[PDB]
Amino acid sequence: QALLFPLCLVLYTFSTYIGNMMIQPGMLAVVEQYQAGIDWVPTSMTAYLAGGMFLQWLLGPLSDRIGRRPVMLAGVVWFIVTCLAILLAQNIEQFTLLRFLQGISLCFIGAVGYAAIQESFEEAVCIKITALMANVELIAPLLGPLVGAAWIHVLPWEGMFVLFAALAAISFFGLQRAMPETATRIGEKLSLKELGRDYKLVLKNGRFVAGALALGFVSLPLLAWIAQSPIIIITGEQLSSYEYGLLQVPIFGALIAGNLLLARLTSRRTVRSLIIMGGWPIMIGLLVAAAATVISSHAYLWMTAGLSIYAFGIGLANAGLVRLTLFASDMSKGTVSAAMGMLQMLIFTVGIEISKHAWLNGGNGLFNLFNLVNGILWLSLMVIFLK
């Protein structure tokens, strides 16, 4: 009867992903209008990322302290505001600011949004909702840059920010009068000292952190592409929206196929084996990705095909290694997730920034090398993590 409330959060989830996945393809348009250089294309994703790891930590225990409903709304409100208030910044210097504060609307999906389902809805109810909100995080980056390439053709870029403010409203007016709250730390002290100290406790876990990083480093070459896949292909390789959008699928369609097997071979195998099981393609992906752009700098096909091996592997391994890294520290679920979020993004954010220059002053070579760099990193944190 009240399954309309999960779907509202499903939508808010949906919008925040495409609100980054439809934007990166159409960032070129925005750069060639605000004027700065194609080096600002990825730097969209970057500022969108670096916002999510601002109050990531503080929103969890915070949405506990003063209700889940008013803080959640303060986010859906915060989203739609800066979804239309960025249309009236018009300069690239401060497009960032409004892109960055659109990225803080990311802590709201997990530290309170996801937490509201873990508090109210029960186990088997939570399963099918999370099985859903995992496909949102898979389909909205898969098919987003595909609508984001069929949106800059029939309309301008501006049409997206209206469409998101409105879709976040289709959820918001469905959450205006249909959002019950279940925060139990109402009327509690402004205890700020306790967070840092307790996050430093999961920071002291050389098995957890080294495992939390390895999650970042591994999933980075995936996000480093997404942020740079336009200016790699559109301006870098000089290809159209149907051709560049064609190359998003063989990659993603391989990530989906690795999430197909994972959920099927979760049974006949141990979690421990799966990571090493999905590791070989990851090794071979980033292996051959860059082992392509060795002498041939512009065989993007084999790079995209290499990021299809690597992609298949992230579906299996990366996903498994999530849980073990939650349970690598026998501590709170809220503190570990926030700790591994704020770590993964720090890898993502600052990883891309390095990934960017990697592409400029090096071209495609350096870039893929500063990909396999991360496969090496992750693997190097596996010789630690298991054996």
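Throughout, we count residues from 1 along the sequence that is shown.
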Got a sec? Mean C-alpha B-factor, which is higher, 110-118 or 250-258? 110-118
Could you check the entry and say whether 265-273 or 215-223 has the higher mean CA B-factor? 265-273
Between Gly196, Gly315, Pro230, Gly279, which one tops the list for C-alpha B-factor in the PDB entry? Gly196
Per the deposited B-factor column, the C-alpha that peaks among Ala290, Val202, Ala311, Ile284 belongs to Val202
Relative to the other modelled residues of the same chain, rank the CA B-factor of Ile347 and answer lowest, middle or highest third. lowest
Compare the C-alpha B factor of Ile170 with those of the other modelled residues in its chain, then answer lowest, middle or highest third. highest
Splitting the chain's C-alpha B-factors into thirds, which one does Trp302 fall into? middle
Should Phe370 be placed in the lowest, middle or highest third of its chain by the C-alpha B factor in the entry? lowest
Among the modelled residues of this chain, does the Cα B factor of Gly26 put it in the lowest, middle or highest third? middle
